[PDB]
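Here is the structure we will look at.
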Amino acid sequence: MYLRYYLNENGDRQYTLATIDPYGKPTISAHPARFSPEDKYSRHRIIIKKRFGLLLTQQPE
Amino acid sequence: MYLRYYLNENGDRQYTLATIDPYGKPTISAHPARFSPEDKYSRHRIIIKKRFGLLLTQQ
Amino acid sequence: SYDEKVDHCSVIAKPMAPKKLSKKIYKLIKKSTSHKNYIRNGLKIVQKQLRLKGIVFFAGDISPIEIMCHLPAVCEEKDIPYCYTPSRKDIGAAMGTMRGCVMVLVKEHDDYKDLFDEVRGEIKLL
Amino acid sequence: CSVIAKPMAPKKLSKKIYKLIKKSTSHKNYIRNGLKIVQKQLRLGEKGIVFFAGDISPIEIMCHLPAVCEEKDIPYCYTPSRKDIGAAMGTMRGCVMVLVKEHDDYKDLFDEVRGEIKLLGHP
Amino acid sequence: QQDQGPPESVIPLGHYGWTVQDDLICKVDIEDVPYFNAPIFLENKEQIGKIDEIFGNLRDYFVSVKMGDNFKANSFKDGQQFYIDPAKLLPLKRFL
Amino acid sequence: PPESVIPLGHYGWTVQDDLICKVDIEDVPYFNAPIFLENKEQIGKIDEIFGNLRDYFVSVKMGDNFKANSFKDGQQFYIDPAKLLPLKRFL
Amino acid sequence: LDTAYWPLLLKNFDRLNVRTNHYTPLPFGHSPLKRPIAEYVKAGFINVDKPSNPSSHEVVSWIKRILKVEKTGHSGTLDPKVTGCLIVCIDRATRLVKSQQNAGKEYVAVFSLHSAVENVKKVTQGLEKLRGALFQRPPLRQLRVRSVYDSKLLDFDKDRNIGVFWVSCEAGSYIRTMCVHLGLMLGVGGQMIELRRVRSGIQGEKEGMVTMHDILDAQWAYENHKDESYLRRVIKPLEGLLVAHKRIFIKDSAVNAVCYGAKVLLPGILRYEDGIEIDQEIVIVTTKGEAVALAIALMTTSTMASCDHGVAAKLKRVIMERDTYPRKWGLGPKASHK
Amino acid sequence: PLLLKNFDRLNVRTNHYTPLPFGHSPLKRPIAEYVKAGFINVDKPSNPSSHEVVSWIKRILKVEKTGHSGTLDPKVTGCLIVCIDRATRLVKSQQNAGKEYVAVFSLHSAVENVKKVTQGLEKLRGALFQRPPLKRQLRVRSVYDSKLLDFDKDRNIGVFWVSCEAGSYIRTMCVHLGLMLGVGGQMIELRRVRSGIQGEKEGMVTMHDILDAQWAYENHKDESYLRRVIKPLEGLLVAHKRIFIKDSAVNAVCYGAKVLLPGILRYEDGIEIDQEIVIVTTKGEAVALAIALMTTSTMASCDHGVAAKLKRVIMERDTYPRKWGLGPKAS
RNA sequence: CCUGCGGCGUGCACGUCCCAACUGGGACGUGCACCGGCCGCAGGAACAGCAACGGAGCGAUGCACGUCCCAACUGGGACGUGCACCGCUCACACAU
């Protein structure tokens, strides 16, 4: 949407409207992904995120 | 038999079904030699593997 | 360059179509566009059609990944091949539009039966 | 080959060993093939030369037979591979070990092989 | 929410600041927070419109007035003083 | 014997001469449970339960005068109402 | 001792003042981070990230129907179109919802001016002149005064005439009204396109943010795989919401008395946190670390060190369920008769 | 050292304690006791069964008792844990130690691609049903992770690594995988790679090595081979939460006395109510396997009471002198 | 006196269609959320005791060697040696 952000060296979000970073990386969308209560793809989401190691459980802390 | 293994840089047993590893060296079977309680050749193995520097006590 | 466009992409953006595969994919999309019932563009329509065959090309420059991070596993379950491309802008352009597309499904017709089949093989070995 | 594969025959000695095996196959009484069979023959105390294969893993399966050979004074050596021994036997099946006995038909050949073996030495 | 009783006496409410569209902005120097839709008047007790927004700090703040067709916001200059009906001025304690 | 029946699940896929099924009903069926049909006609028995503890697959070794092809996808398989276990039992 | 790394309310366990160390611990209750799944869920909260379209009430109802919990509520309310932080408590931290409604809030707002301005410094100074106790009206009615502690112009673009600024403000302050007031002040008017709460109290962007999909996936993992680490990542113990309070650790026999309404009398105090003042909200906790209740210190910390009998604190909200510990009150030396 | 590594990282209740002339570190026990309080991480050959190998180890070692912590099928090689004598008191504690296999499988029909097998392996995760291979009481065991370490299409043969809960029937998992890849498959080979906290790289010796160590001991009094073969039973409890108990409290623990706070020299952060912990001395010897009735905060906040009861006493009685009843009160 | 509990037609998501983005609309049926004081009930009236009298340790078909029949680090056959498949007691312990 209008609002986007990029991560600085300390992991803090820095917000901006631009679609490119000060360094060059694309800017992530600030708005979290839309949710629907009747989501039937939990198993598939966990499969993919465990395949790519993105699931919460694999990070420290 | 079917299961063989080789060693990566860290020495972890990389288990494969291939007789020749990617590095080109021969593979080593992951199984131990068949054992028999009536086995008088303990001296024989001890002396050979002390000669060639393969005994566990040497490691 | 196709290398930095792929580098920008997400961690989930695999298997990534190489340069020649990407040229072929764009060509396939452009041909398929000429038939109304042979491309399903957009998240909603692609998801509906998959739930209800072809090749589904995803865009690796999406964020947050949760919008379609599950659909790769859906394609794996349904045996529909898939591959990521460096940008949604290119997919949108191949669809004859400026607006980008997150993903696109390309069905199969006699007119380009050969074309489709080639890319399919090249993405099955990827 | 396994680190324990010594004494090790050179290329020429390997060919002459294959020749000795092939000629000794004429009198299978003088040949002894297999691991159990060579084991029991060595235990009973059968004189001859023993040709092992360095391509054996795990080495425990045969690592003792070199020691008993040294004990009873039955000279031995390793070949480059077990498949070479299997080809020498022409049975299209590798044999890790072979025991060769002395017959008049190849007396000079088995005499040259053993002299070269003694020359090879033992570490 | 009375909508009658033509204005009674009035007291200074502030001085003219700037303008934003038809809405007219005035800086208030008095302390009382005026009502909402409270009509504003000149020295002649001639209503010019009504309160629209109230914004600014607790003590010194600004006031936006929306006018009846009887005036344009550009018709007022710098230094022009506005007036308010005393009854619609509430004290700061009501919001402190 | 079966006075009535209940739906154990629907057809999954086939593996050699077998009827692997998707079992929607939570309850674990009994090993060698006769999986009946709508009209009270048995079509096989259970051989191996595999899958997770809430939505799993039942393996049936089709035995008598029927085949693994006589059933087509989208068909439910039936079970005796009194041949099940509560899911806390194995937990 | 090294208690700096201890979890939640046990942090700096060794820095607290020690009234006494003599009592008989009972095995009742568990550390908050190691409760069974049921007690962990019933005594936790979720720093959920609000989807843009639905409301905060909708998010709370969805989390309820997902975790299958009887009661749940949110500290701060967000508008239907506003994303950001949303602390949803689970059935026992709901008692801290009232204490969490006054928590601060940091937003990020995108605004658009009606027409062009002189330069970026114009918007910067306009924002600098709207930092204080500002008047604000409810959107679509009484006026209210809300404080905007800080504000910064994160970015501004002129072609589209749109800016992004981050604001720290106290609860109830409608940042939409702040954008409108900034527009009216610059000299042209303005409005708000989007809003994003980056902090709801002491829960920031990096502080255990989770999404609705994360909640659903943790629930699925626990229900089908019988895996709990995901649900423990999503939900966190309510003690997190109380990491800023000054603590009052009590003896195990006094816990159930406090759960029964008994004030926090001095005899049942083991350790207390320095800096407690009269009428100051504090948290009554066990040695395990479970927050027994929230009380109001009727005594300073010096008087606590120099007093033997009396009422140290007055209950305000009991969180711990009754009978979770035995009724070990009334058996003391001075308990034969009132 | 072992069981004393990072001992300074444990919370310290008191450095004032009474050292005694009794006891020896687990790794320097005299040979007779060392075997009595040890275990072997053996590579099970394929012919004998777990019971047979345990009995053969007993016969070779000439020791009173021997037991194991997990049944390897007759034809399944891998790592087998064999506690010797006193160490057999720890067999029950290892009944639920997570295990890890490298199973070779075969499919009766070819798969479309390796990705098919990888996906079928991936979907056999979490808590799945399992039945003893040919009692008929179904159980449920959890596969934490799985991977297709290799596949070969000409032979239809693959090698996949699995991490599963203790008591999981790998052969059953392989039948499940075959039945899950649409073609059918059976486990033509198995190998336990990691039982509990033990695997290949952790001093896993072979049966021939045990026999050779026994021969060396008997014929040249060389116990070094036997030491490299048998590791202290304290190694089975390096992952356990340690409570160090003073010298004067060890014997009380030996006689069934509960662990009480006035004799806890150190307590490891992370202890929880109803937590299986190791009551160890100051020299690393596992006094007992205990259940903690006080959390670490409770131990830090109290000066007396019952810290941790005893679930299974490991150390023998009379190992330390009777030194209870001479406390500060002396009443 | 303290505590706990309860009462005082708009949008959102999905589903099926029409058109003209991770989008923005409509129509047709679905569920989901919103638009301090008083009253009643319940428990308890709480100055927070308990530095040991039930804990602990004991007993209750396959495989290996050797000899032969023939037919890999082997898989078969015969017959031998072997190997594996409620009672007692101790203190009754807060650790100098």
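First to last, the protein sequences are chains S, P, L, R, U, Y, Z and F. Following our numbering, the numbering of the first sequence begins with 1 at its first residue and continues without gaps. Following our numbering, the numbering of the second sequence begins with 1001 at its first residue and continues without gaps. Following our numbering, the numbering of the third sequence begins with 2001 at its first residue and continues without gaps. Following our numbering, the numbering of the fourth sequence begins with 3001 at its first residue and continues without gaps. Following our numbering, the numbering of the fifth sequence begins with 4001 at its first residue and continues without gaps. Following our numbering, the numbering of the sixth sequence begins with 5001 at its first residue and continues without gaps. Following our numbering, the numbering of the seventh sequence begins with 6001 at its first residue and continues without gaps. Following our numbering, the numbering of the eighth sequence begins with 7001 at its first residue and continues without gaps. Idealized CB from N, CA, C, for every residue including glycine.
(request) Round the Cβ separation of residue 6169 (chain Z) and residue 6147 (chain Z) to the nearest angstrom and send it over; I've been treating them as touching at under 8 Å. (result) Counted from its first residue, the seventh sequence places residue 6169 (chain Z) at position 169. Counted from its first residue, the seventh sequence places residue 6147 (chain Z) at position 147. Right, their Cβ atoms sit about 7 Å apart.
(request) Report the neighbours of residue 7011 (chain F) on chain Z: residues whose CB is nearer than 7 Å to its CB, in chain order. (result) Here residue 7011 (chain F) corresponds to residue number 11 of the eighth sequence, with the count starting at 1. Neighbours of residue 7011 (chain F) on chain Z, chain order: 6001.
(request) Count the other C-beta atoms from every protein chain shown that fall within 10 angstroms of the C-beta of residue 6251 (chain Z), then say buried if there are 16 or more, exposed otherwise. (result) Here the question's residue 6251 (chain Z) lines up with position 251 in the seventh sequence. When all chains shown are included, residue 6251 (chain Z) counts as buried.
(message) With a threshold of 7 Å on Cβ separation, who are the neighbours of residue 7156 (chain F) within its own chain once the five nearest residues in sequence on each side are excluded?
(response) Within the eighth sequence, the letter at position 156 stands for residue 7156 (chain F). Within the same chain, residue 7156 (chain F) has close Cβ partners 7106, 7107 and 7110.
(message) Just verifying my parser: in three-state terms, what is the DSSP assignment at residue 7054 (chain F)?
(response) One-based indexing of the eighth sequence puts residue 7054 (chain F) at position 54. Note: residue 7054 (chain F) maps to helix in three-state DSSP.
(message) Counting C-beta neighbours from all protein chains within 10 Å, is the total for residue 6108 (chain Z) 16 or more, i.e. buried, or is it exposed?
(response) As a working note, residue 6108 (chain Z) is residue 108 in the seventh sequence. Buried, since its Cβ has 16 or more Cβ neighbours within 10 Å.
(request) Would you decide whether residue 6078 (chain Z) is buried or exposed? Buried here means 16 or more other CB atoms lie within 10 Å of its CB. (result) Counting from 1 along the seventh sequence, the entry for residue 6078 (chain Z) is found at position 78. Flag for residue 6078 (chain Z) reads buried.
(request) Name the residue from Z:6032, Z:6245 and Z:6194 whose alpha carbon lies nearest to the alpha carbon of residue 6236 (chain Z). (result) Within the seventh sequence, the letter at position 236 stands for residue 6236 (chain Z). Residue 6236 (chain Z) has its Cα closest to that of Z:6032, out of Z:6032, Z:6245 and Z:6194.
(request) Can you tell me which of the three DSSP states residue 6201 (chain Z) falls into? (result) Translated into positions along the seventh sequence, residue 6201 (chain Z) becomes position 201. Reduced to three states, the DSSP call for residue 6201 (chain Z) is coil.
(request) Return helix, strand or coil for residue 7086 (chain F), following the three-state DSSP convention. (result) Counting from one through the eighth sequence, the residue named residue 7086 (chain F) turns up at place 86. Of the three classes helix, strand and coil, the one that applies to residue 7086 (chain F) here is helix, per DSSP.
(request) Note down, in chain order, every chain P residue with its Cβ under 7 Å from the Cβ of residue 3014 (chain R). (result) To locate residue 3014 (chain R), count along the fourth sequence from 1; it is residue 14. By Cβ distance, chain P contributes nothing, its closest Cβ being about 18 Å from residue 3014 (chain R), past 7 Å.
(message) Whole angstroms are fine: how far does the CA of residue 7272 (chain F) sit from the CA of residue 7296 (chain F)?
(response) For the purposes of this step, residue 7296 (chain F) is taken as residue 296 along the eighth sequence, with counting starting at 1. For the purposes of this step, residue 7272 (chain F) is taken as residue 272 along the eighth sequence, with counting starting at 1. Straight-line Cα distance between these residues: approximately 7 Å.
(request) Starting from residue 7126 (chain F), find everything on chain Z with Cβ-Cβ shorter than 9 Å and list it in chain order. (result) Along the eighth sequence, read from residue 1 onward, the residue named residue 7126 (chain F) stands at position 126. By Cβ distance, chain Z contributes 6221, 6224, 6225, 6226 and 6227.
(message) Considering only their Cβ atoms, is the gap separating residue 6256 (chain Z) from residue 6166 (chain Z) smaller than 8 Å?
(response) Within the seventh sequence, residue 6166 (chain Z) is the residue found at index 166, counting from 1. Within the seventh sequence, residue 6256 (chain Z) is the residue found at index 256, counting from 1. Cβ distance not < 8 Å, so residue 6166 (chain Z) and residue 6256 (chain Z) don't count as in contact.
(message) According to DSSP, simplified to helix, strand and coil, what is residue 6304 (chain Z)?
(response) If you number the seventh sequence from 1, residue 6304 (chain Z) lands on position 304. Residue 6304 (chain Z) carries a helical assignment under DSSP once its states are collapsed to helix, strand and coil.
(message) Please report the distance separating the alpha-carbon of residue 3097 (chain R) from that of residue 3052 (chain R).
(response) As a position in the fourth sequence, residue 3097 (chain R) is number 97, starting the count at 1. As a position in the fourth sequence, residue 3052 (chain R) is number 52, starting the count at 1. For residue 3097 (chain R) and residue 3052 (chain R), the distance between alpha carbons rounds to 4 Å.
(message) Give me the DSSP bridge partner(s) of residue 1007 (chain P).
(response) The count along the second sequence starts at 1 and reaches residue 1007 (chain P) at position 7. Residue 1007 (chain P) pairs with P:1013.
(message) Taking the alpha-carbon of residue 7086 (chain F) as reference, which of F:7183, F:7095, F:7077 and F:7037 has the nearest alpha-carbon?
(response) One-based indexing of the eighth sequence puts residue 7086 (chain F) at position 86. Minimum Cα distance to residue 7086 (chain F) is reached at F:7037.
(request) Pick out the complete alpha helix (DSSP H) segments inside the region 6240-6326 of chain Z, 4 residues or longer, and give them in chain order. (result) 6252-6259 and 6301-6305
(message) Can you find the residues in the same chain that come closer than 6 Å, C-beta to C-beta, to residue 6273 (chain Z), ignoring five residues on each side of it along the sequence?
(response) Mapped onto the seventh sequence, residue 6273 (chain Z) falls at position 273. Here the set comprises 6016, 6246 and 6247.
(request) Could you have a look at residue 4067 (chain U) and say whether DSSP puts it in helix, strand or coil? (result) Taking the fifth sequence and counting its residues from 1, one reaches residue 4067 (chain U) at position 67. Reduced to three states, the DSSP call for residue 4067 (chain U) is strand.
(request) Can you say whether residue 2010 (chain L) is buried or exposed, counting buried as having 16 or more other CB atoms within 10 angstroms of its CB? (result) Along the third sequence, read from residue 1 onward, the residue named residue 2010 (chain L) stands at position 10. By the neighbour-count rule (16 or more Cβ atoms within 10 Å), residue 2010 (chain L) is buried.
(message) Relative to the C-alpha of residue 7159 (chain F), which candidate in F:7178, F:7256 and F:7326 has its C-alpha closest?
(response) To locate residue 7159 (chain F), count along the eighth sequence from 1; it is residue 159. Of the listed residues, the one whose Cα sits closest to residue 7159 (chain F) is F:7178.
(message) Please confirm whether residue 1039 (chain P) has its beta-carbon closer than 8 Å to some beta-carbon of chain F.
(response) Taking the first residue of the second sequence as 1, we reach residue 1039 (chain P) at position 39. Answer yes: the Cβ-Cβ gap between residue 1039 (chain P) and chain F drops below 8 Å somewhere.
(message) Strictly by DSSP, which residues pair up with residue 3033 (chain R)?
(response) Taking the first residue of the fourth sequence as 1, we reach residue 3033 (chain R) at position 33. Paired residues: R:3098.
(request) In angstroms with no decimal places, state the Cα-to-Cα distance between residue 7055 (chain F) and residue 7063 (chain F). (result) The count along the eighth sequence starts at 1 and reaches residue 7055 (chain F) at position 55. The count along the eighth sequence starts at 1 and reaches residue 7063 (chain F) at position 63. Looking at the two C-alpha atoms, the distance is approximately 10 Å.
(request) Return the residues of the region 6149-6161 of chain Z that lie within a Cβ-Cβ distance of less than 7 Å from chain S, sorted by chain order. (result) 6154, 6155 and 6157
(request) Give the straight-line distance between the Cα atoms of residue 5031 (chain Y) and residue 6213 (chain Z), rounded to the nearest whole angstrom. (result) Locating residue 5031 (chain Y) in the sixth sequence gives position 31, where the first residue counts as 1. Locating residue 6213 (chain Z) in the seventh sequence gives position 213, where the first residue counts as 1. Straight across, the Cα-Cα distance linking residue 5031 (chain Y) with residue 6213 (chain Z) is about 37 Å.
(message) Residues of chain F with CB closer than 9 Å to the CB of residue 6030 (chain Z), please, in chain order.
(response) What you label residue 6030 (chain Z) is simply residue 30 of the seventh sequence in a count that begins at 1. Within 9 Å Cβ-Cβ: 7272, 7273, 7274 and 7295.
(request) Identify whether residue 5010 (chain Y) lies in helix, strand or coil by the three-state DSSP scheme. (result) On the sixth sequence, residue 5010 (chain Y) is found 10 positions in, with the first residue counted as 1. Residue state, collapsed to three classes: strand.
(message) Within 10 Å of its beta-carbon, does residue 5009 (chain Y) have 16 or more other beta-carbons around it, so buried, or fewer, so exposed?
(response) Along the sixth sequence, read from residue 1 onward, the residue named residue 5009 (chain Y) stands at position 9. Burial call: buried.
(request) Determine whether the Cβ of residue 7188 (chain F) lies closer than 8 Å to any Cβ atom of chain P. (result) In the eighth sequence, the residue the question calls residue 7188 (chain F) occupies position 188. Judged by the 8 Å Cβ criterion, residue 7188 (chain F) is in contact with chain P.
(request) Compute the beta-carbon to beta-carbon distance between residue 6021 (chain Z) and residue 7301 (chain F), rounded to the nearest angstrom, for a pair I have assumed lies under 8 Å. (result) In the seventh sequence, the residue the question calls residue 6021 (chain Z) occupies position 21. In the eighth sequence, the residue the question calls residue 7301 (chain F) occupies position 301. Between residue 7301 (chain F) and residue 6021 (chain Z) the Cβ distance is about 7 Å, and since that is below 8 Å, they are a contact.
(message) Any beta carbon of chain U sitting closer than 8 Å to that of residue 6187 (chain Z)?
(response) As a first step, residue 6187 (chain Z) is located in the seventh sequence; it is residue number 187 there, counting from the start. Closer than 8 Å to some Cβ of chain U, the Cβ of residue 6187 (chain Z) qualifies, so yes.
(message) At the 8 Å Cβ level, is residue 1045 (chain P) part of the contact set with chain R, yes or no?
(response) Position 45 of the second sequence, counted from the first residue, corresponds to residue 1045 (chain P). With 8 Å as the cut-off, residue 1045 (chain P) counts as an interface residue toward chain R.
(message) With distance defined between alpha-carbon atoms, name the residue in R:3048, R:3022, R:3121 and R:3004 nearest to residue 3054 (chain R).
(response) Here residue 3054 (chain R) is taken as the residue at index 54 of the fourth sequence, counted from 1. When only C-alpha atoms are compared, the closest one is R:3004.
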